[PDB]
Ligand SMILES: Cc1cc(C#N)cc(C)c1Oc1nc(Nc2ccc(C#N)cc2)nc(N)c1Br
């Protein structure tokens, strides 16, 4: 009942103006997808065509979700978000369930659909301007602007929150043990139930939303068993700590102890438990690398004490909502990729290792871009928000492919990094 | 005539009003020049004589451009253009000829007074107010206001295009085959219908525009192949660049050299082989607009060879959505690479080069991928797809490379091209140490102040050496030392440093570097049969290097 015609006065933050981000160019494949997608949207009246009194423009890509047929237009409202929604991380913000990271299972459902009902502030519409490009500019971009809550723009959830709470009301009644956290376009439903039990609580809700006003595609695809894995289920309860493990050997050469010395040294901004002064000196002479050095020591009481202190998780690390999370990833080989989420250098909040294959059909990008997605999700569960990536790939290369295997409706923020040298020895 | 087109609404930047710049009286020869003109405009509805309180004014100059009888009025909008809201910018993107499909026959029109035929947001005319001087008497507030896209304003270009686009639309629908390209004042129209039919459709579109008030100053089509467009010459199976005349002075200043790289890079779209690293290298911190800069043997030679490549023409062909897109790369030098993309052999669509940014050191495999990437991004723009890459690198050199390389990467499938010089790994480091091979504990330091330093080694066999170094860096020495080692070692060796810095510069396994010293090492590495590099704690944890740190 906002005085304005169902428009919830939306407003960019003070002394801030609309987004003017460039549209990267896409393959003809995608241009075609996007024009088919948008021509409909125009007809369903979700978007309308704009003119030249609109300097504004946010990017847009075409991706393929859980499916492998129909395409999907994914707008990159990152800039528009930073420019509005912070004045909407407050006003109409949505709190975060500390237990969700706790529950046994968590399933994510995509409700980005509801939005297209609720009309957008007629005054703000102008900022959702996106352009569909031409090949070789042999014509000017097709220009459209939203009239409804666009999906992707952190405005929608916020604005729409009311309507949600309401819908979910019944379900939260019957089932009161189950948590439901929304984040942008997804619902994160978690339970203590057993496998198929949980998958029933979900499917009920699924049917609940579905019978009461809103479409709801993915948790999964179908009942057809082909022995796949793209069905999206989650389990906060296990994912935990890190393999900051030292090697277990039989014939220790110098090179072998020499390293052990600096790997254990490295952990001197982390675990206090060791300074290998004693183990270091066990090689003051200038012996040979290939050579062999024995076990009796004044110093081994260290590989002793240390081999265990490195197993007790360090405390003194505290999340901080004000600060931005920063995730790093190292390519480790054999389709293996480690990672750490921190806020303040060497005070790691979470450190894991997404792996896929070793040499199948997968490839370096795809995995990276898959590990990201993983980490991003884990992140949204734990602290209810996406981190900022320092990705080990060349800017231009990522910009050409990430679209490819990309699946989520959100885009984290990223930057590209150097040759972490010995930092690669984290696993 | 004028136009029934809807107007695009405009407005001034939030909290800003119209310009109020007064007129600088002048030659009554011009005050009489303008008056004539303005009358011919108002009689055409373009301009509109206004009243008293239209505060706004914008200077109107009148220049009878040299060697021409008529005069052309000129209004200076700078002020309004600062008060006008920003627009969706006029496609800055220019298509690349290599991406233009075909069309047996093309016509180019010339929507000139075009902008003067498109309506101007009513409520926005006020600010177009301008005045022409009263000969000093009767105080003429001879005031005229614009009712169209003033040939100078900010939103003029964009709004024209929009307005034009909306226009074509109808015509476009009755001839889904005729493709038309609009840009500035041109309108390129092309058909697959013999000159007979085709001309019908041009004459046709012609009047169509005219009913929209758009008058095309061409009884026939003033088209004159080749087309002199955006620095290119357009032909019926060939496209190339316009005359690229490369200067030759006894003295070159920064802006001299710049304009040169420019003409070079542009020429590189089709003149295979154009190099430019050395030249541009000259322009460094070269923020001295006019400061003579002596060329280098390097620069002159490149410049030379460039003159050599230019002396004989080269055409580029158009495009076939039907055939394939293939791009090949070949190495031509100092970390310089050149390429060309084609659908059929010995003709090209376009060509191009590639060198590394001021980035410390590189490597052949890394660099070639870097080229492939550039070609890929470019191909998606021009053609909207990725070409088939034929590359001079054995697939095993690249896997052993990408695989062990610490950084993500994905190059579509290519195809080996025996045409040497091949791209190979000049060497590899033993991942695992070397038994029997001597072990050198290498080191080098310098007083961060006195600018002095020394490099030297210590071995398992008891051999040692220290070499004096002056004017160096705690850095150039850490490498110095590694290098000293590789020098005295034998066919096989195990070096060990306290420099993650040095460690990592070699670790990357470069083959080319700006740093002569590294190149120095890169040399030696070649010779070694087996080389193993290791990094113990730089300082503190003082293991075996505990003894090279002191006497170095
Ligand atoms: C002629 C032209 C120029 C510019 C711009 N700028 C832009 C476009 C979209 C054009 O149409 C096309 N012209 C040609 N070749 C061509 C044919 C004849 C002549 C002549 N005479 C010149 C070029 N091939 C196409 N696929 C297209 Br589409």
- Item | Whichever residue in region B:66-78 is under 30 Å from residue B:189 (Cβ atoms) and either part of a loop (DSSP other than H, G, I, E, B) or facing chain A (nearest Cβ under 9 Å) (or both) and, among such residues, is nearest to the ligand (Cβ to nearest atom) | B:68
- Note on the structure: Sole miss for residue A:336 among (1) within 14 Å of chain B (Cβ to nearest Cβ); (2) farther than 30 Å from residue B:434 by Cβ; (3) crowded, with 17+ Cβ neighbours inside 10 Å is condition (2)
- Can you name every residue in region B:4-27 that is in contact (Cβ under 8 Å) with a residue 12 or more places away in the chain and more than 30 Å from residue B:133 (Cα to Cα)? B:4, B:5, B:6, B:7, B:8, B:9
- Item | Residue tally, condition within 16 Å of the ligand (Cβ to nearest atom), closer than 15 Å to residue B:270 by Cα and surrounded by fewer than 16 Cβ atoms within 10 Å (Cβ to Cβ), over region B:217-258 | 3
- How many residues are in a loop (DSSP other than H, G, I, E, B) and more than 34 Å from the chain's Cα centre (by Cα) when one looks only at region A:238-285? 12
- Task: Mind counting the residues in region B:368-397 that are closer than 17 Å to residue B:423 by Cα and more than 12 Å from chain A (Cβ to nearest Cβ)?
- Result: 10
- Note on the structure: Taking region A:286-330 and keeping only residues that are in contact with a strand residue (DSSP E or B) (Cβ under 9 Å, 6 or more places away or on another chain), under 30 Å from residue B:457 (Cβ atoms) and part of a loop (DSSP other than H, G, I, E, B), one is left with A:286, A:287, A:288, A:289, A:290, A:291, A:293
- Reported set for region A:128-146 where residues are farther than 30 Å from residue B:98 by Cα and in contact with a helix residue (DSSP H, G or I) (Cβ under 6 Å, 6 or more places away or on another chain) is A:145, A:146
- Restricting region A:64-92 to residues that are assigned to a helix (DSSP H, G or I) and within 18 Å of the chain's Cα centre (by Cα), which is nearest to residue A:232 (Cα to Cα)? A:78
- Filtering region B:165-183 down to residues that are away from chain A (no Cβ under 13 Å) and without any contact (Cβ under 8 Å) to a residue 60 or more places away in the chain yields B:170, B:171, B:173, B:174, B:175, B:176, B:177, B:178
- Collect the residues in region A:150-166 that are out of contact with any strand residue (DSSP E or B) (no Cβ under 9 Å at 6 or more places or on another chain) and either at positive phi or surrounded by fewer than 19 Cβ atoms within 10 Å (Cβ to Cβ) (or both), keeping them in residue-number order. A:162, A:163, A:165, A:166
- Message: Here are the criteria: (1) within 16 Å of the ligand (Cβ to nearest atom); (2) under 36 Å from the mean Cα position of the chain (by Cα). Tell me which single one residue B:201 does not satisfy.
- Response: (2)
- Task: Could you tell me whether residue B:132 is more than 16 Å from the ligand (Cβ to nearest atom) and within 13 Å of chain A (Cβ to nearest Cβ)?
- Result: no
- Message: Consider region A:208-237. How many of its residues are part of a loop (DSSP other than H, G, I, E, B) and without any contact (Cβ under 8 Å) to a residue 12 or more places away in the chain?
- Response: 8
- Considering each of B:148, B:118, B:111, B:106 in turn, give the residue that is within 30 Å of residue B:198 (Cβ to Cβ) and touching a helix residue (DSSP H, G or I) at 6+ places or on another chain (Cβ under 6 Å). B:118
- Item | Those residues of region B:271-287 which are in a loop (DSSP other than H, G, I, E, B), in contact with a helix residue (DSSP H, G or I) (Cβ under 7 Å, 6 or more places away or on another chain) and more than 17 Å from residue B:352 (Cβ to Cβ), in sequence order | B:283, B:286
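Matching residues to (1) more than 9 Å from chain B (Cβ to nearest Cβ); (2) surrounded by fewer than 19 Cβ atoms within 10 Å (Cβ to Cβ); (3) more than 30 Å from residue A:97 (Cα to Cα):
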{"position": "A:349", "(1), (2), (3)": "yes, no, no"}
{"position": "A:368", "(1), (2), (3)": "no, no, no"}
{"position": "A:379", "(1), (2), (3)": "yes, no, no"}
{"position": "A:396", "(1), (2), (3)": "no, yes, yes"}
{"position": "A:399", "(1), (2), (3)": "no, yes, yes"}
{"position": "A:416", "(1), (2), (3)": "yes, yes, yes"}
{"position": "A:422", "(1), (2), (3)": "no, yes, yes"}
- Hey, can you tell me all the residues within region B:79-129 that are within 15 Å of the ligand (Cβ to nearest atom), within 13 Å of another protein chain (Cβ to nearest Cβ) and either part of a loop (DSSP other than H, G, I, E, B) or farther than 30 Å from residue B:242 by Cα (or both)? B:90, B:91, B:92, B:93, B:94, B:95, B:96, B:100, B:101, B:102, B:103
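Here the Cβ is made from the backbone with ideal geometry for all residues, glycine too, and neighbour counts use every protein chain on show. Throughout, read-outs are computed from the coordinates displayed, never taken from laboratory work.
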